[PDB]
Amino acid sequence: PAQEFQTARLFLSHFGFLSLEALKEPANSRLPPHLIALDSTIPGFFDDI
Amino acid sequence: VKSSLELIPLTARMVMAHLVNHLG
C-alpha cells in the first residue's frame with residue numbers, strides 16, 4: 001500500500017476545478033483565468049496575507 | 001514490408017485525469 005498522499009491535486013480534480021478550459025488564458029481580456037496558483041517565495045506575501 | 005467524438009481528445013483527457021488521481 002501507498003504511504004504518502006498529495007491530497008491537494010485530488011481535491012482540485014475531484015470537484016472539477018482543475019481542467020484545461022479552467023486554466024486557459026482568457027481571450028481579449030486582462031482578468032486572470034479561473035484557476036491561479038500563487039507564490040510563497042516573493043517577499044511580502046505573508047504581510048499581504 | 002510488402003503491405004462520434006474523436007478518440008485522441010477523449011484518450012488524452014482520460015490519461016490526464018488518471019495521472020492526476022491515481023499516480024502514487
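Is it possible to state the helix-based mean residue ellipticity at 222 nm for the protein assembly as shown, with each DSSP H run of 4+ residues giving -39500 (n - 2.57), the sum divided by total residues, to the nearest 500 deg cm²/dmol? What is it? All intermediate terms of the calculation are to be shown ahead of the outcome.
Working: 4 runs with 32 residues, N = 73.
Result for the protein assembly as shown, helices only: -12000 deg cm²/dmol.
What list of ³J(HN,Hα) values in whole Hz, one per residue of region A:32-38 in order, does the Karplus curve 6.51 cos²θ - 1.76 cosθ + 1.60 (θ = phi - 60°) give from phi, with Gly and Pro shown as x?
So the Karplus estimates, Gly and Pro as x, are x, x, 5, 10, 9, 9, 8 Hz.
Show me the chymotrypsin sites (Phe, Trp or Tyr not before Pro) within chain A that DSSP assigns to loop and that have at most 12 other Cβ atoms within 10 Å of their Cβ.
On the way: sites: A:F5, A:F11, A:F15, A:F17, A:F45, A:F46; in loops: A:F5, A:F15, A:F17.
Answer by residue number: A:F5, A:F15, A:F17.
So for each of A:19-29, B:14-24 I average, over its residues, the number of other beta carbons within 10 Å; can you give me the resulting order with the highest mean first?
Numbers: A:19-29: 9.4, B:14-24: 11.2.
Top to bottom by mean Cβ count within 10 Å: B:14-24, A:19-29.
Using a Förster radius of 35 Å, what is the FRET efficiency between B:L5 and A:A37 based on their Cβ-Cβ separation? Nearest 0.05, please.
Details: r = 30 Å, r/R0 = 0.86.
FRET efficiency, B:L5 to A:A37: 0.70.
No Cβ is skipped: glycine too gets one built from the backbone with ideal geometry, and neighbour counts run over all protein chains shown. Here, each number is a calculation from the coordinates, and none is a lab measurement.
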